[PDB]
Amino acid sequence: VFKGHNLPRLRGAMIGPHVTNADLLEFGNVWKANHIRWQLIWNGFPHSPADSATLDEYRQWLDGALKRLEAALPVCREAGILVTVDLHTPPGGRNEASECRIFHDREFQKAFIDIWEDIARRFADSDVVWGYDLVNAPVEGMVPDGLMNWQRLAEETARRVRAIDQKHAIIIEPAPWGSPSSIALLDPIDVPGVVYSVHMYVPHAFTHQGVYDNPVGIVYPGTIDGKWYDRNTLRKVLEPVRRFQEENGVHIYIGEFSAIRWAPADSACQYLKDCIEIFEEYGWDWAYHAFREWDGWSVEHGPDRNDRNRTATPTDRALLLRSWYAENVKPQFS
């Protein structure tokens, strides 16, 4: 089974676009993470200035984002970290329904392929880059005649990247949203060195409680959306992903998973523990969402939605992540 790295497991986190060199060195050398997902994100997700920007404005933004990623790679090497390059905001962004314009517009669809050829050329020889996550949480909506849907665009883009780059994993999330259930909708891509990826936030009423218009006070384990949720329910959520893994003989990467920090009592920590245990049973690489990004997802911030101060002492959730990072092997660079 192709993984694209020679370690037992990648365990790390999403970082924020403003992550400092000191943050990276601390995360690798002190927290013992061996992995980050580097999001090429224009301000926010799922809504961004990309949604209304011209292709020229978008290419200018992305060139700045790639310059910082390039500058960060030698720091990741020093920190013992392998990197996922995540195109988090694609050219044209998304319409009001969060559907990606790369599925709707000939110029944006062509730009997606041209951009990935440029990124593959830039990083083809990097021993720090692990994989190319072609688009974050793809959502198609209506695909006009003459344009590729995600199945076809993924395959074409992966083929063009593989022509340039003979080493790195190509990471493909299913549409819609990179959700576990969506993997059943994706056919394996006929390109070598492909890794498949989903994000784990199910159930959203729990993991995103007190975000958007979602009520707070949702306990885990417990009854959520009229259904019993515990580790067995999360196994059932992830069953289509385990099936895809086993039936296709492919590797799985969890690009994001989290539970909001202000979930009641130890609910968020239990959710993360249950997720990680399942990922570990199945041999899945994983990135926690997120290290030093929005504080709702921060293990350095506390249980109170109204308190945005870092905690004085380590949280349950931070101790859990570091206990798993302590199992990591660091990459050997030459």
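In case it trips you up, residue 1 is the first one in the sequence shown, and so on.
Tell me which of 304-312 and 273-281 has the higher mean C-alpha B-factor in the deposited entry.
Going by the record's values, the stretch with the higher mean is 304-312.
Averaged over C-alpha atoms, is the B-factor higher for 183-191 or for 133-141 in this PDB entry?
In the deposited entry, the stretch with the higher C-alpha B-factor mean is 183-191.
Of the choices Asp225, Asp86, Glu256, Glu173, which one's C-alpha carries the largest B-factor in the record?
Answer, based on the entry's C-alpha B-factors: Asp225.
Can you tell me whether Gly178 has a C-alpha B-factor in the lowest, middle or highest third compared with the other modelled residues of the same chain?
Lowest third of the chain for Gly178's C-alpha B-factor.
Can you tell me which third, lowest, middle or highest, the CA B-factor of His18 falls into for its chain?
For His18, the deposited C-alpha B-factor lands in the highest third.
Lowest, middle or highest third: where is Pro221 by C-alpha B factor in its chain?
Middle third.
Looking at the C-alpha B-factor of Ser52, is it in the lowest, middle or highest third of its chain?
CA B-factor rank for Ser52: highest third.
Based on the deposited C-alpha B factors for this chain, I'd like to know if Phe123 is in the lowest, middle or highest third.
Its C-alpha B-factor, which the entry lists for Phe123, ranks in the middle third among residues of this chain.
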